[PDB]
């Protein structure tokens, strides 16, 4: 039964559920808020099959809102803060949203959205101009309903990834396997609209406490870990580096930390290495996709082998991984090919688009869109996203391999390598490179470094020094923006 997930989370909630800016929130108080928000969403006439789009910041009420939406047998649709109004609006429509719930603090964006798409019901967590306040019940208990098709979440890329309640329950099990037994004091500075939100549920479910920050500032995270004696934190890779390289870090007390988790985007091995030294044996990397959820983790002990700094780790329990050719046949250990995944955590499919779902799923296996290989010890190494491979006359140049080499140089902090088409080379390799502090390395040294380590075909023809590598909304390297610089 689909309602089993929301109950699992609800059943877990301990003494203190959330801490943040304004102090603490007891389990009691959080439970209450779920019941309340649940009743209110039910009353507003939102039916089970349909989606509840949610626009909010990282607030404790937003944790309750998700859980309520899911308990009343609807699918949660977290509108990403960094997404454009046009992308967000497409999401509300395509997810079959019966409602837009929003926080007063983002009424501007709510208004903007409503001028672009129409939604039966419009509610808000507090008094607002453009919507009906929901925070306005007896000894009323939480009254669950079942989603017709068992969907807990729909989350967008522009496809809507539909995740089952079963899958989200499996993620709790995964979380425990990666992060330890509870309770956790888990610091979440990433948006609750996506993975942050699932981490919060995993945290509650295991009887721990969520610690919220609105955005990421290195000092803030450092104070928070010490003040709240946090055990866990999830950072984007860039944030890891900022935190590890911060001057206060050795002055600070982070003895509470059992896990500093990072992932979501490819990591810079040398910068990771540095973090593993500066922070303790607490570093853990996580690899997932929107479609696959969790796939693999690299443990703190894995981080103490330099060989493994180019890896994502061993697959998690119940996660089967296969490396495959263009044909579709299984390759041996050490071979490079497409990463395919079978697991309990994989998507059900792309919402109301089986055309696209079918080019991605095949026999229970999910094509992640990544390319990689396994080592002697069974750690997966990603050589590239499929889009990002550079082909030259029947040879694959994996852009991430070139970046690793470039970035090993002491004067290079970051690198994005792309192809542009060339009649005489097939594609010509190009590198945007971010230089250290106030260094001035020699393009030719970098070219040479690449040539010594990989070979002639890998050596970037052009090398542009840039102040930073542009990111996507999601915070991944925008290698399409970079491709354009060199055309």
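Positions refer to the first chain, counted from 1.
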Check the entry and tell me how many residues of the deposited sequence have no coordinates between residue 136 and residue 137: none, 1 to 3, 4 to 9, or 10 or more. 1 to 3
Where residue 157 meets residue 158 in the shown sequence, the number of deposited residues left unmodelled: 4 to 9
Higher mean Cα B-factor in the deposited model: 118-126 or 259-267? 118-126
Of 165-173 and 357-365, which one has the bigger average CA B-factor? 357-365
Out of 438, 460, 441, 423, which shows the largest CA B-factor listed in the entry? 423
By the entry's C-alpha temperature factors, tell me which of 381, 276, 333, 185 sits highest. 333
In terms of the chain's CA B-factor thirds, is residue 58 lowest, middle or highest? lowest
Mind checking which third residue 80 falls in for C-alpha B-factor across the chain? highest
Could you say whether, by C-alpha temperature factor, residue 307 belongs to the lowest, middle or highest third of its chain? middle
B-factor third for the C-alpha atom of residue 145 within its chain: middle
Temperature factor at the Cα of residue 207, chain-ranked in thirds, falls in the lowest
